[PDB]
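Just one chain is shown here, as structure tokens, and it is the form deposited in one PDB entry.
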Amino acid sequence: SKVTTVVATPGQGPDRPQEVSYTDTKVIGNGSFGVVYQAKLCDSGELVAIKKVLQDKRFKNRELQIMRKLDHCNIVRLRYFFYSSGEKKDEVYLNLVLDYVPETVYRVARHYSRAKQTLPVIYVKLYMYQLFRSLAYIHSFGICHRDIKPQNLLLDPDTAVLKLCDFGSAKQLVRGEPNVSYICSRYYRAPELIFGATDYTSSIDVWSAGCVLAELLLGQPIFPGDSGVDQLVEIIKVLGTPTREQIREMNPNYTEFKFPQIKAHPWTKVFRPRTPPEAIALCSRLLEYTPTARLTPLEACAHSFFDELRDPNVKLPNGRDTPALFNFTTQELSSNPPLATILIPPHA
């Protein structure tokens, strides 16, 4: 019956410290600065994940500053935060108390893949649409996640609700101010990042998202490899070798290098024959060399592949109705407001 009380600040709320009690602590994972716990808030009985990160004594923690501003049904909610000692002696850790979500897109995808079954397309639609909304939302603040991958897509597999998490690499990108190129995880990295660009844009998240879509359709990553060399070969095998004009749009330092000379594989042969053609069309507009030619997240939400979700009679295969899909805010719609008349159907 072990109960722990700390002074913590609500993640949103007013900036007023309060007493927070929790219990039933258990290890659920490990992060870069110590293990990740589950706990149960005594007040409400709700489950939270508690994650530790390093507090820099010179600047404010960027991940905390971003999470305090975010309020969206497809992004993990920051419930509280507080400071403590930790794994390394003499160190002060930031603890981020997040709403707990028990599964991820990756687990669901591996479950199907290992059974040699295709994830039913209605779930590919639901998951990718919610991912794109979360991206349109954070991108409308200038914020790029920089680490989109299936393991960062939390999932309630009963309601089909998805929530984007892990804002440890996220950054408000300012044009003309360089960024480190070494973010984003193996298999999901845009080619401009593989080339070491420091002047990239939020479209690196849309590439990563297209990689997640392709993986859901293929049952395995589309561009695997343990080095950027091997990853690039897999990209070139699908997209063909980039032209000098494309390389200049990615990283102009790379324009004159010798790359493998390979003609593009047709998109209709990248996926199995019965892949829905709208899914292939959408993929081909996300996995583009030229960063500015990729769909924006909000253009992706309005793509024809997601038309079934705007059908008034669409339901989950388990007979539940779909999660919330159309409660767009002005903020979320700000990159292009008149997509809302595709985005919000008459029945909403």
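All residue numbers refer to positions in the sequence shown, first residue = 1. Take the two forms, superpose them, and find the largest set of C-alpha atoms that agree within 1.5 Å; that set is the rigid core. Only residues modelled in both forms are compared.
Among other deposited entries of this protein with both flanking residues present, none omit coordinates for residue 205; it is modelled throughout, well short of a third.
Missing-residue comparison: residue 87 falls in the unmodelled set for a third or more of the other PDB entries checked. Mean C-alpha B-factor is higher over 96-104 than over the other stretch, the pair under comparison being 180-188 and 96-104. Between 204-212 and 273-281, the higher mean Cα B-factor belongs to 273-281. Per the PDB entry, 119 shows the highest C-alpha temperature factor of the residues 233, 174, 119, 155. Residue 288: CA B factor lies in the lowest third for its chain, per the PDB record. When the modelled residues of the chain are ordered by their C-alpha B factor, residue 112 lands in the highest third. The PDB entry assigns residue 260 a C-alpha temperature factor belonging to the highest third of its chain's modelled residues.
Split the chain's modelled residues into thirds by C-alpha temperature factor. Residue 199 is in the middle one.
In this PDB entry, residue 242 carries a Cα temperature factor that places it within the middle third of its chain's modelled residues.
There is also a form deposited in another entry; it is not shown, and the following applies to it.
With the rigid core aligned between this form and the one not shown, the listed residues 56, 311, 46, 321 include just one Cα displaced by at least 2 Å, namely that of 56. For residue 73, a C-alpha deviation below 2 angstroms is recorded between this form and the one not shown after rigid-core alignment. Put the two forms on the same core and the Cα of residue 269 is off by less than 2 Å between this form and the one not shown. Residue displacement note: residue 259 has its CA displaced by at least 2 Å between this form and the one not shown (rigid core superposed). The distance between the CA atoms of residue 187 and residue 33 is at least 3 Å shorter in that other deposited form than in the form shown here. One change in that other deposited form concerns residue 259 and residue 146, whose Cα atoms lie at least 3 Å farther apart than in this form. Residues present in both forms were considered; between this form and the one not shown, the rigid-core fit shows Cα displacements of 2 Å or more across three or more consecutive positions at 31-35, 56-59, 88-91, 252-255, 257-262.
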